[PDB]
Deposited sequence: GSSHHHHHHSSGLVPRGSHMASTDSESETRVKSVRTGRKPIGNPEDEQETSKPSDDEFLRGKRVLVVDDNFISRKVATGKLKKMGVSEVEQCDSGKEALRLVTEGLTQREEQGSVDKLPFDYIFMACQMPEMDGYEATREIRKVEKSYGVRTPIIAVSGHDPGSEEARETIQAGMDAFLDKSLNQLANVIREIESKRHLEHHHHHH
């Protein structure tokens, strides 16, 4: 794990998270790991297109209602490798959506292997904030690092 340049049963209380992963089992393992931290609201989906839909509609909903909290999700966990639209392209597309709202959701890349050169470059180009392995073992450390910034 680490950051990208430009008991804990209450660690994430109050937070709302999205998990994006085309693999069913890893999606439920992430969602488990988050729930055992007391995340207040976890949403999950199986693709970049569905993540776009959920973030886009959420941002628009909050803007139309004048909600206190602009962001639908305080953190998004994005699988890097997905068919059709990978995590990097989904993150890029999220960042485009966000532009008109003046917000920035933390987006954490999730991969079964360390990024190589090409993936590292895609991580930065895409606008991801951090990367983690698939067990989310370093999740709290990464979040604390994000929040410190």
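message: Lining up the deposited sequence with the coordinates, I want the ranges that have no C-alpha atoms.
response: Those stretches are 1-10, 17-53, 197-206, listed in order.
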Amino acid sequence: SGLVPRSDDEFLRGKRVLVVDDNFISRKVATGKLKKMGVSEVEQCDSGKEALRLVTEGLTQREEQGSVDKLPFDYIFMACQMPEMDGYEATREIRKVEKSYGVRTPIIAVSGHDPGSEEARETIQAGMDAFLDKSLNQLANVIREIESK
From here on, numbers count along this sequence of modelled residues.
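query: Looking at the entry, does 32-40 or 89-97 show the higher mean C-alpha B-factor?
result: Stretch with the higher mean C-alpha B-factor: 32-40.
message: Averaging CA B factors per stretch from the PDB record, which one is higher: 7-15 or 123-131?
response: Comparing 7-15 with 123-131, the higher mean C-alpha B-factor belongs to 7-15.
- request: Report the option among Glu63, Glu50, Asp114, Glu57 whose CA atom has the maximum B-factor in the deposited record.
  value: That would be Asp114, according to the entry.
message: How does the C-alpha B factor of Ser26 compare with the rest of the chain: lowest, middle or highest third?
response: Answer is highest: the recorded C-alpha B-factor places it there.
message: Using the temperature factors of the C-alpha atoms in this entry, rank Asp46 within its chain: lowest, middle or highest third.
response: Middle third, going by the recorded CA B-factors of the chain.
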